[PDB]
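One structure is given below, encoded as structure tokens.
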Amino acid sequence: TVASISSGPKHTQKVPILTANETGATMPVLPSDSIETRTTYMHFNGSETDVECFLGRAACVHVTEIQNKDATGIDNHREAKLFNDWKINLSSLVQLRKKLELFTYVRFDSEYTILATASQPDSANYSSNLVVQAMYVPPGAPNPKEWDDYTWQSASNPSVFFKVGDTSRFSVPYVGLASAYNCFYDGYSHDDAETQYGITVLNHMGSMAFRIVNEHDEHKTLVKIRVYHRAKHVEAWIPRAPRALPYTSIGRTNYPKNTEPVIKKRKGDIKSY
Amino acid sequence: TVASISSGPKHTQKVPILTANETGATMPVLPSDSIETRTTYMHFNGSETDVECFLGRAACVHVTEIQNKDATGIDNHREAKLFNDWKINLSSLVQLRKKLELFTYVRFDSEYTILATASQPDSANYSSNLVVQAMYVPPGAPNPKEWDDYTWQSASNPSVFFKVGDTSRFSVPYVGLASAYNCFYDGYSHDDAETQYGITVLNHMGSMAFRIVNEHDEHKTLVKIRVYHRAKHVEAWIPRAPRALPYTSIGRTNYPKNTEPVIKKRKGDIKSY
Amino acid sequence: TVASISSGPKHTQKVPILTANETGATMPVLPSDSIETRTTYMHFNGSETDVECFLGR
Amino acid sequence: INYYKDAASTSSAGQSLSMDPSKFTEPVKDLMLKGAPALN
Amino acid sequence: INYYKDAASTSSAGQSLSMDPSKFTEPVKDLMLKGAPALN
Amino acid sequence: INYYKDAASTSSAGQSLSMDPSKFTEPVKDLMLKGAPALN
Amino acid sequence: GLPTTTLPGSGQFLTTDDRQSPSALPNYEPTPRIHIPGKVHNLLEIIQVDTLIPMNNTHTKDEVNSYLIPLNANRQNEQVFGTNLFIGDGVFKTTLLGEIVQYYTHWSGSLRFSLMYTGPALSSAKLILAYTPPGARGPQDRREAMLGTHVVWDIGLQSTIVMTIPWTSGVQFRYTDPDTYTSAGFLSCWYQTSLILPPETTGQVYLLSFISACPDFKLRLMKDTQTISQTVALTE
Amino acid sequence: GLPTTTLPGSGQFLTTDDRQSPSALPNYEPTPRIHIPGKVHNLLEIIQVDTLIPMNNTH
Amino acid sequence: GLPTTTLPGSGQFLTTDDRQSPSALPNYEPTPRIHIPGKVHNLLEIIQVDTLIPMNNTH
Amino acid sequence: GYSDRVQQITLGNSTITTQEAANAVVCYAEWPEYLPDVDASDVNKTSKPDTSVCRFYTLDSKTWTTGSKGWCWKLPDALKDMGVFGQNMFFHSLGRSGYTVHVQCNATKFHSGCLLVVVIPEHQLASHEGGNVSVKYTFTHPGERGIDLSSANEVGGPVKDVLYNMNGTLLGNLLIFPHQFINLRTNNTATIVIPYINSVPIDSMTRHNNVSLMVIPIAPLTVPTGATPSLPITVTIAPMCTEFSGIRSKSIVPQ
Ligand SMILES: OCCOCOCc1cc(CCCCCOc2c(Cl)cc(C3=NCCO3)cc2Cl)on1
Ligand SMILES: OCCOCOCc1cc(CCCCCOc2c(Cl)cc(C3=NCCO3)cc2Cl)on1
């Protein structure tokens, strides 16, 4: 492939460099339209800018935490982090979020990696070996109320059991209801006067639920869960302007008030170098 | 292959042993040009002197250390070794350095092995099990400021998570900007009067960043990281004189003052055996 | 596979929507027996409702 | 590839792709045609 | 070799090697030739 | 068998078995024959 | 039982590796795809669309006005604007090009810089745009500027002028984050003759300026952008 | 000895995965199947049989 | 699931072994090679060039 | 003697002529088309009123003055009350449509000024409150009036800051969306053909707008000396290939 062809002096009536940008086109002008060039080859394919590659590496999408401790006398397991949950979503952590929102609709399978590490902040004789269990919990299946409810039987709901310190990995097909996931949605769930705006009404995928299977030892053990997400089989439509201001909320486009100028001011003139 | 052919008495006008070294050549003289020889075969190929073999074994290129401890009240994580970094480079440890600098330009893929072991120098009930994470951090991606910054999300930056005591291994293609890496560079980054000389201005590859993912236990744990590097797919050009004096700096050729004579003095005469 | 065929106005002596449930049958009535439909395809096989799948986790 | 000798040890079965609701939805003795009168 | 039955479980896809910027760079209704006048 | 997609991930290269010292040992412009006088 | 040996790296999680995994939802059937206009395949497809450069960066809070390069009637010989070409920083940095370049470590290729004139139709002007390849200082006067890559632009019916910064380089890749060795030059613009307004007209006229990449362009070695960060996880 | 590398997920138990296992009862012979009317293959077969709706829910 | 057995040496790191590894930079395209005079292939090529001997070591 | 410059668009019972055009943009290089069966889901036959809905409606005019910040209309909202298009809209459960948008602004060869005319698929607005405040319905359904970016923040309304596109992105990059400029010195109209863009084959026309049309002054209007300091901008829009499905009782929507 040639990156530049050889081109010499020109004295024409045919001027490729004068255009009318009002038309909305970006005319494909090249170095050889306005200087004299020599042949050179590309030596490159643009492999690593493919959208599959761009969205295809694992990104941290969520960090939560649960603890193993005596539940005796706990009136609210959920509240003691005896177990916990995640209202699933991807736009919670921003690094990956800015990348996805370069597109309007996106379609992909997900591969998830879950790393779990334990901490024992206060005096323990040892490090126990805990098994985590972490059940998907669809929009419409009982949310588990205690850390050892019938829910955890998970007879119809996929669940994975792995050890703290290890990693769990599995992959879920594209579960969207439509043909693509909306990265943006300028609509409502119905025409009510006070319903929520955005995608949070679309992006309704149920939540994920972690717990330790082990009963309690004499000390307490903090287990912190990190969920990583990798898109595989990516398809993206309609590019948009990149995010400039900071994010404030999952699912709304809102930016913070009295934010700071995002364009760097010159130290000098327009004329400055 | 014959290592020596059979050759007998000679009384010629054709003298292969008289030459003129002023020409710059090393004339290919053999035993059979000046004594009577018998046939012998080589029985050998020179396999283990191939440059791929010479530069192809893992060498320790870096030892760093980070600790897991309560960051509560630490004003400078980087400074507490709560995490740490490496300004990537290869000429930091000398064994491998002398080997590479036998050549002027070198091109290869790298395979890296990272061993992490833990130490608990002061009273602990136990040995905790820590997971290390160690993100590449290109010349132009945010350097992570705390041990748990958004940076560690590493949504676009390759990172590996492995356990202390284990080893991590992965391989990075030849990332040089030119066609080869310069082992030497007699230039500057621009024609300023005070800019730095050498390759340190060329050899600008960003740094590598390690941290423990675990929160803190009651005791403190020292984790010491050793990075090993193995060249694979090696290509080397222009041999040079081997390094004689000791090294003083990454990237400059400078030797120490009042160094010692590097040529061993005879215990005796020129005539001595 | 078609999920619905195209069907238009009807003025018949042949009424598929009147039945006698006392018989014990569930007559296979479709949208196109009582409204005007357009063609659409199924795009689906019913894979995940197989009893092997239902009892297989 | 089965690595094991016994049939019980093989993985899940593969979709019936059988599907015939008529034993349940139309177990009538004399065939009913949709469109023809139910009771003649 | 896929070891798994479902398509979601396969590795990353392979490069589009599609690449056609004209839907974005030249969505004009009447074709513009480089070198010819923009507005006639 | 390569298990990985990228070339950097393959094992070490295999012996040049190239070997030609003359660029280093005899870079002279006019060819010198062993046995003939060095300087004529 | 077949004998195996495990190698260094066993059990590691590399966020960039690409392997198979069990599906959690065996046998599930995804929604059919329908057609949607606009599919993107390569980021290289989109960085060829031009977007506006806030060249007039001299303000103090972001404003629509930093997209406008002003022009003065009747000045002769003088300089309209100047900038270095660190596409990953400074004016370029918020543009789509700048914004994507920042996801990669290295770039190589030609850039297309165009200026669209917005003054009254009955006015006229001749400007010179100059590209100064690495190695010299930003030009200080047109004489200096005109000795490097330049285009005399004659403002006419055809409203825009497309200047190309042809890839001039020893090393075949440059860093997107500004680096010296790897630096790309300067871009300046001066009056060639001068802007002239028709009667009954007055004041400043402005040029809009765009940047996009030529088909020439290469970007490699993905990394994280300095353009976005956060201090606590967001919630709904 | 063939060189291997284990990936993330090794040792996990996913209730939905489908793999082979050793049989605890090697060589055992199950009872023959006889014919039984009524076999169900898909839940889609049965949701087409109609059932009564307690529409008058007001009690 | 295929049955395996691990041998002595599993998990060791031998600095001299030569195996495959995942690339951290999937799909990256290295700079083209250009021609450079002087390529070395074997250390045996270079030890045939003669160099001076500090024979007079007596200093 | 055909110029890129003169054009005629006849759609239904209405025709537009421009003698000073700058080509026309067809979003993503695709022209509006009906919904194919292979893409269909709802089993209902759809209704295609054709020429009674696919004609040109001219919205009420705006006034560009030196202080203008820009205006924003949403589709199909802007047309919610135009003739039979609108009735169909409130009466069917689902509908789908593409449009031809023609923005008009003429001046003289002494004026200067340049407007950006852009179509943004799925333009989800931001609350000026920050945090996770929502933007109430009424605020994103201004009807033919559209939203005036130089009007004041209101409560439950969107933010109206132009350098941020009403969503946290910079004005400068709107050029990645199908768009066309109106530069008084060149141009006097802008025309964009919009194909139907959604993640579902057909949708509700009232709970979801699928494009915002935005007209933004970028180079300020500058009139000749002692000229009146303002110009009107007119927007005329025509639904094209419209289909409605799932007819019934007639939606009732807030406010
Ligand atoms: O705003 C950013 C981009 O917008 C596009 O869409 C964003 C998005 C991404 C997702 C994820 C959907 C849910 C993933 C599939 O769910 C799971 C999970 Cl998260 C875990 C398991 C699981 N099984 C055993 C253990 O865990 C199974 C399923 Cl189906 O939901 N919405
Ligand atoms: O002076 C001695 C010889 O001179 C030649 O060049 C010397 C030299 C060698 C190198 C190494 C370049 C950087 C290596 C590639 O970088 C990495 C690293 Cl060091 C780690 C990871 C990584 N990914 C996940 C974890 O770590 C990824 C990449 Cl691309 O940089 N310069």
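Residues in the structure tokens are named by chain (A, B, ... in the order shown) and by number from 1 within that chain; ligands are numbered from 1 in the order shown.
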
Near-residue J:247 list (10 Å; only C-alpha atoms; drop same-chain fewer than 6 positions) as a count of residues only: 11

Output as a PDB file with C-alpha atoms, in the first residue's frame the set of chain I residues within 6 Å of chain G, with distances taken over only C-alpha atoms.
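As written to disk, part-v5.pdb reads:
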```
ATOM      1  CA  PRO I   3      -7.980 -35.685  32.918  1.00  0.00           C
ATOM      2  CA  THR I   4      -4.410 -34.455  33.601  1.00  0.00           C
ATOM      3  CA  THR I   5      -1.612 -35.094  36.123  1.00  0.00           C
ATOM      4  CA  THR I   6       1.013 -32.371  36.939  1.00  0.00           C
ATOM      5  CA  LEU I   7       4.685 -33.367  37.119  1.00  0.00           C
ATOM      6  CA  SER I  10       5.258 -27.429  37.677  1.00  0.00           C
ATOM      7  CA  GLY I  11       5.225 -23.758  38.457  1.00  0.00           C
ATOM      8  CA  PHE I  13      10.630 -20.397  36.467  1.00  0.00           C
ATOM      9  CA  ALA I  24       0.210  -7.549  26.562  1.00  0.00           C
TER      10      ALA I  24
END
```

Residues of chain H within 10 Å of chain I, only C-alpha atoms counted, as a ChimeraX atom specification: /H:1-5,18-22

Store the residues picked out above, limited to C-alpha atoms, as a compact mmCIF listing (two decimals), in the first residue's frame.
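Below is the file that was written, part_7.txt:
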```txt
# COMPACT_ATOMS: atom_id res chain seq x y z
CA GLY H 1 5.14 -33.77 30.14
CA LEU H 2 3.22 -31.16 28.02
CA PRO H 3 3.59 -27.46 29.13
CA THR H 4 0.34 -25.74 30.21
CA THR H 5 -0.75 -22.38 31.68
CA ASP H 18 -21.87 -28.39 31.13
CA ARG H 19 -18.92 -30.78 31.24
CA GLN H 20 -18.01 -34.47 31.62
CA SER H 21 -17.48 -36.18 34.99
CA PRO H 22 -16.36 -39.61 36.10
```

Ligand 2 neighbours within 8 Å using only C-alpha atoms and all ligand atoms, as a PyMOL selection string: (chain B and resi 88-92+97+100-101+105-107+110+112+134-136+157-160+170-176+181-184+203-208+250-251) or (chain G and resi 14-16+221) or (chain I and resi 24-25)

Long-range neighbours of residue D:21 as a PyMOL selection string, 7 Å cut-off, only C-alpha atoms, 4 positions minimum in chain: (chain D and resi 25) or (chain H and resi 45-46)

Please return the superposed copy of chain D as a PDB file with N, CA and C atoms, in the first residue's frame; the fit should be least squares onto chain E across all sequentially paired Cα atoms.
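The resulting file, part_28.pdb, is reproduced below:
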```pdb
ATOM      1  N   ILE D   1      -9.942 -23.930  17.934  1.00  0.00           N
ATOM      2  CA  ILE D   1     -10.901 -24.900  18.558  1.00  0.00           C
ATOM      3  C   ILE D   1     -11.847 -24.360  19.611  1.00  0.00           C
ATOM      4  N   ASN D   2     -13.135 -24.352  19.363  1.00  0.00           N
ATOM      5  CA  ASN D   2     -13.999 -23.804  20.461  1.00  0.00           C
ATOM      6  C   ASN D   2     -14.202 -24.916  21.448  1.00  0.00           C
ATOM      7  N   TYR D   3     -14.006 -24.740  22.725  1.00  0.00           N
ATOM      8  CA  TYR D   3     -14.300 -25.830  23.684  1.00  0.00           C
ATOM      9  C   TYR D   3     -15.719 -25.809  24.223  1.00  0.00           C
ATOM     10  N   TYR D   4     -16.368 -24.714  23.928  1.00  0.00           N
ATOM     11  CA  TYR D   4     -17.693 -24.425  24.476  1.00  0.00           C
ATOM     12  C   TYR D   4     -18.737 -24.297  23.393  1.00  0.00           C
ATOM     13  N   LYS D   5     -19.983 -24.567  23.812  1.00  0.00           N
ATOM     14  CA  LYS D   5     -21.087 -24.658  22.910  1.00  0.00           C
ATOM     15  C   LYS D   5     -21.686 -23.374  22.425  1.00  0.00           C
ATOM     16  N   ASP D   6     -21.703 -22.347  23.248  1.00  0.00           N
ATOM     17  CA  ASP D   6     -22.380 -21.094  22.940  1.00  0.00           C
ATOM     18  C   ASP D   6     -21.506 -20.125  22.243  1.00  0.00           C
ATOM     19  N   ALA D   7     -22.044 -19.220  21.405  1.00  0.00           N
ATOM     20  CA  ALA D   7     -21.145 -18.307  20.677  1.00  0.00           C
ATOM     21  C   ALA D   7     -20.571 -17.225  21.555  1.00  0.00           C
ATOM     22  N   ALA D   8     -21.185 -16.960  22.671  1.00  0.00           N
ATOM     23  CA  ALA D   8     -20.727 -15.803  23.472  1.00  0.00           C
ATOM     24  C   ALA D   8     -19.437 -16.242  24.096  1.00  0.00           C
ATOM     25  N   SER D   9     -19.193 -17.545  23.934  1.00  0.00           N
ATOM     26  CA  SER D   9     -18.049 -17.945  24.851  1.00  0.00           C
ATOM     27  C   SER D   9     -16.789 -17.924  24.113  1.00  0.00           C
ATOM     28  N   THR D  10     -16.837 -17.590  22.851  1.00  0.00           N
ATOM     29  CA  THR D  10     -15.618 -17.562  21.980  1.00  0.00           C
ATOM     30  C   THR D  10     -14.828 -16.302  22.209  1.00  0.00           C
ATOM     31  N   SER D  11     -13.591 -16.307  21.750  1.00  0.00           N
ATOM     32  CA  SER D  11     -12.707 -15.155  22.047  1.00  0.00           C
ATOM     33  C   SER D  11     -13.076 -14.032  21.092  1.00  0.00           C
ATOM     34  N   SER D  12     -12.279 -12.983  21.250  1.00  0.00           N
ATOM     35  CA  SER D  12     -12.539 -11.678  20.591  1.00  0.00           C
ATOM     36  C   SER D  12     -12.665 -11.904  19.096  1.00  0.00           C
ATOM     37  N   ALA D  13     -13.352 -10.970  18.432  1.00  0.00           N
ATOM     38  CA  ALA D  13     -13.627 -11.102  17.039  1.00  0.00           C
ATOM     39  C   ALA D  13     -12.597 -10.941  16.009  1.00  0.00           C
ATOM     40  N   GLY D  14     -11.431 -10.423  15.904  1.00  0.00           N
ATOM     41  CA  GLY D  14     -10.849 -10.467  14.380  1.00  0.00           C
ATOM     42  C   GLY D  14     -11.229  -9.135  13.748  1.00  0.00           C
ATOM     43  N   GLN D  15     -10.270  -8.593  12.908  1.00  0.00           N
ATOM     44  CA  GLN D  15     -10.379  -7.169  12.479  1.00  0.00           C
ATOM     45  C   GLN D  15     -11.245  -6.963  11.238  1.00  0.00           C
ATOM     46  N   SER D  16     -12.262  -6.098  11.584  1.00  0.00           N
ATOM     47  CA  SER D  16     -13.270  -5.712  10.644  1.00  0.00           C
ATOM     48  C   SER D  16     -12.623  -5.673   9.231  1.00  0.00           C
ATOM     49  N   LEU D  17     -11.498  -4.928   9.418  1.00  0.00           N
ATOM     50  CA  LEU D  17     -10.817  -4.733   8.035  1.00  0.00           C
ATOM     51  C   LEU D  17     -11.959  -4.304   7.078  1.00  0.00           C
ATOM     52  N   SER D  18     -12.919  -3.445   7.775  1.00  0.00           N
ATOM     53  CA  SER D  18     -13.979  -2.925   6.866  1.00  0.00           C
ATOM     54  C   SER D  18     -13.565  -1.532   6.426  1.00  0.00           C
ATOM     55  N   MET D  19     -13.668  -0.539   7.279  1.00  0.00           N
ATOM     56  CA  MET D  19     -13.133   0.788   6.980  1.00  0.00           C
ATOM     57  C   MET D  19     -13.641   1.548   5.794  1.00  0.00           C
ATOM     58  N   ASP D  20     -14.615   2.418   5.985  1.00  0.00           N
ATOM     59  CA  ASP D  20     -15.173   3.264   4.961  1.00  0.00           C
ATOM     60  C   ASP D  20     -15.707   4.560   5.574  1.00  0.00           C
ATOM     61  N   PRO D  21     -14.826   5.522   5.585  1.00  0.00           N
ATOM     62  CA  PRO D  21     -15.140   6.788   6.252  1.00  0.00           C
ATOM     63  C   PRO D  21     -16.135   7.555   5.453  1.00  0.00           C
ATOM     64  N   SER D  22     -16.472   7.260   4.293  1.00  0.00           N
ATOM     65  CA  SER D  22     -17.346   8.173   3.527  1.00  0.00           C
ATOM     66  C   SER D  22     -18.670   8.319   4.196  1.00  0.00           C
ATOM     67  N   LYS D  23     -19.224   7.439   4.938  1.00  0.00           N
ATOM     68  CA  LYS D  23     -20.555   7.788   5.529  1.00  0.00           C
ATOM     69  C   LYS D  23     -20.444   8.982   6.459  1.00  0.00           C
ATOM     70  N   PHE D  24     -19.306   9.199   7.057  1.00  0.00           N
ATOM     71  CA  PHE D  24     -18.977  10.279   7.975  1.00  0.00           C
ATOM     72  C   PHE D  24     -18.317  11.424   7.254  1.00  0.00           C
ATOM     73  N   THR D  25     -17.417  11.225   6.348  1.00  0.00           N
ATOM     74  CA  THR D  25     -16.688  12.366   5.742  1.00  0.00           C
ATOM     75  C   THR D  25     -17.307  12.967   4.516  1.00  0.00           C
ATOM     76  N   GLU D  26     -18.159  12.319   3.810  1.00  0.00           N
ATOM     77  CA  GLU D  26     -18.786  12.789   2.616  1.00  0.00           C
ATOM     78  C   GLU D  26     -20.211  12.340   2.485  1.00  0.00           C
ATOM     79  N   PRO D  27     -21.052  12.690   3.455  1.00  0.00           N
ATOM     80  CA  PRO D  27     -22.466  12.318   3.335  1.00  0.00           C
ATOM     81  C   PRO D  27     -23.179  13.319   2.467  1.00  0.00           C
ATOM     82  N   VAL D  28     -22.610  13.856   1.379  1.00  0.00           N
ATOM     83  CA  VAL D  28     -23.377  14.837   0.578  1.00  0.00           C
ATOM     84  C   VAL D  28     -24.252  14.146  -0.448  1.00  0.00           C
ATOM     85  N   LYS D  29     -25.341  14.746  -0.830  1.00  0.00           N
ATOM     86  CA  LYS D  29     -26.313  14.153  -1.731  1.00  0.00           C
ATOM     87  C   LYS D  29     -25.720  14.175  -3.119  1.00  0.00           C
ATOM     88  N   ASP D  30     -25.248  15.218  -3.684  1.00  0.00           N
ATOM     89  CA  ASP D  30     -24.624  15.241  -4.989  1.00  0.00           C
ATOM     90  C   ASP D  30     -23.080  15.205  -4.708  1.00  0.00           C
ATOM     91  N   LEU D  31     -22.505  14.208  -5.312  1.00  0.00           N
ATOM     92  CA  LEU D  31     -21.135  13.814  -5.287  1.00  0.00           C
ATOM     93  C   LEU D  31     -20.179  14.990  -5.598  1.00  0.00           C
ATOM     94  N   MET D  32     -19.185  15.080  -4.784  1.00  0.00           N
ATOM     95  CA  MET D  32     -18.220  16.186  -4.957  1.00  0.00           C
ATOM     96  C   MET D  32     -16.939  15.617  -5.487  1.00  0.00           C
ATOM     97  N   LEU D  33     -16.404  16.090  -6.632  1.00  0.00           N
ATOM     98  CA  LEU D  33     -15.068  15.598  -7.052  1.00  0.00           C
ATOM     99  C   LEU D  33     -13.925  16.468  -6.682  1.00  0.00           C
ATOM    100  N   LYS D  34     -12.942  15.910  -6.059  1.00  0.00           N
ATOM    101  CA  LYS D  34     -11.772  16.793  -5.585  1.00  0.00           C
ATOM    102  C   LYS D  34     -11.140  17.517  -6.709  1.00  0.00           C
ATOM    103  N   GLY D  35     -11.108  18.855  -6.763  1.00  0.00           N
ATOM    104  CA  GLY D  35     -10.357  19.391  -7.997  1.00  0.00           C
ATOM    105  C   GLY D  35     -11.394  20.115  -8.796  1.00  0.00           C
ATOM    106  N   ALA D  36     -12.568  19.571  -8.828  1.00  0.00           N
ATOM    107  CA  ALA D  36     -13.680  20.352  -9.436  1.00  0.00           C
ATOM    108  C   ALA D  36     -14.085  21.371  -8.376  1.00  0.00           C
ATOM    109  N   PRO D  37     -14.643  22.480  -8.797  1.00  0.00           N
ATOM    110  CA  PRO D  37     -15.153  23.504  -7.910  1.00  0.00           C
ATOM    111  C   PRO D  37     -16.180  22.929  -6.922  1.00  0.00           C
ATOM    112  N   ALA D  38     -16.118  23.354  -5.702  1.00  0.00           N
ATOM    113  CA  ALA D  38     -17.082  22.967  -4.662  1.00  0.00           C
ATOM    114  C   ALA D  38     -18.482  23.423  -5.016  1.00  0.00           C
ATOM    115  N   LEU D  39     -18.585  24.700  -5.349  1.00  0.00           N
ATOM    116  CA  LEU D  39     -19.964  25.237  -5.662  1.00  0.00           C
ATOM    117  C   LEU D  39     -19.859  25.782  -7.086  1.00  0.00           C
ATOM    118  N   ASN D  40     -20.678  25.286  -7.911  1.00  0.00           N
ATOM    119  CA  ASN D  40     -20.823  25.520  -9.340  1.00  0.00           C
ATOM    120  C   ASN D  40     -22.017  26.505  -9.473  1.00  0.00           C
TER     121      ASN D  40
END
```

DSSP alpha helix (DSSP H) residues within stretch 29-261 of chain A, listed as an MDAnalysis selection string: chainID A and resid 51:55 94:100

Test item: residues at most 9 Å from residue G:134, only C-alpha atoms, excluding those fewer than 2 positions along its chain, as a ChimeraX atom specification: /G:132,136-137,168-169,182-186

Expected answer as a PyMOL selection string: strand (DSSP E or B) residues in chain C: chain C and resi 2-4+37+40-41+50

Chain D contacts on chain C, only C-alpha atoms, 7 Å, as JSON, numbers by chain: {"C": [14, 15, 16, 19, 20, 25, 26, 27, 47, 50, 52]}

Any chance you can output those residues with N, CA and C atoms as a PDB file, in the first residue's frame?
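Final output, again_11.pdb:
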```pdb
ATOM      1  N   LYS C  14     -66.546 -18.627   7.238  1.00  0.00           N
ATOM      2  CA  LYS C  14     -65.555 -19.546   7.874  1.00  0.00           C
ATOM      3  C   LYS C  14     -64.948 -18.812   9.051  1.00  0.00           C
ATOM      4  N   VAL C  15     -65.437 -18.992  10.251  1.00  0.00           N
ATOM      5  CA  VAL C  15     -65.020 -18.213  11.436  1.00  0.00           C
ATOM      6  C   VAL C  15     -64.096 -18.966  12.322  1.00  0.00           C
ATOM      7  N   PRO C  16     -62.798 -18.841  12.234  1.00  0.00           N
ATOM      8  CA  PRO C  16     -61.867 -19.583  13.087  1.00  0.00           C
ATOM      9  C   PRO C  16     -61.880 -19.163  14.539  1.00  0.00           C
ATOM     10  N   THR C  19     -65.257 -21.124  18.941  1.00  0.00           N
ATOM     11  CA  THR C  19     -65.009 -22.571  19.168  1.00  0.00           C
ATOM     12  C   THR C  19     -65.846 -23.108  20.250  1.00  0.00           C
ATOM     13  N   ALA C  20     -65.712 -24.305  20.740  1.00  0.00           N
ATOM     14  CA  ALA C  20     -66.457 -24.889  21.870  1.00  0.00           C
ATOM     15  C   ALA C  20     -65.453 -25.426  22.882  1.00  0.00           C
ATOM     16  N   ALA C  25     -60.183 -29.081  23.777  1.00  0.00           N
ATOM     17  CA  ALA C  25     -59.021 -28.695  22.908  1.00  0.00           C
ATOM     18  C   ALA C  25     -58.616 -27.284  23.108  1.00  0.00           C
ATOM     19  N   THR C  26     -57.403 -26.841  22.823  1.00  0.00           N
ATOM     20  CA  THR C  26     -57.081 -25.388  22.697  1.00  0.00           C
ATOM     21  C   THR C  26     -56.811 -25.191  21.205  1.00  0.00           C
ATOM     22  N   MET C  27     -57.797 -24.719  20.523  1.00  0.00           N
ATOM     23  CA  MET C  27     -57.680 -24.444  19.073  1.00  0.00           C
ATOM     24  C   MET C  27     -56.591 -23.449  18.792  1.00  0.00           C
ATOM     25  N   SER C  47     -34.733 -22.818  22.244  1.00  0.00           N
ATOM     26  CA  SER C  47     -33.640 -23.529  22.773  1.00  0.00           C
ATOM     27  C   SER C  47     -33.585 -23.688  24.311  1.00  0.00           C
ATOM     28  N   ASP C  50     -36.040 -25.911  26.434  1.00  0.00           N
ATOM     29  CA  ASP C  50     -35.977 -27.383  26.298  1.00  0.00           C
ATOM     30  C   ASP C  50     -35.964 -27.988  27.667  1.00  0.00           C
ATOM     31  N   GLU C  52     -34.221 -30.189  28.762  1.00  0.00           N
ATOM     32  CA  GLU C  52     -32.843 -30.568  29.224  1.00  0.00           C
ATOM     33  C   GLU C  52     -32.248 -29.321  29.821  1.00  0.00           C
TER      34      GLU C  52
END
```
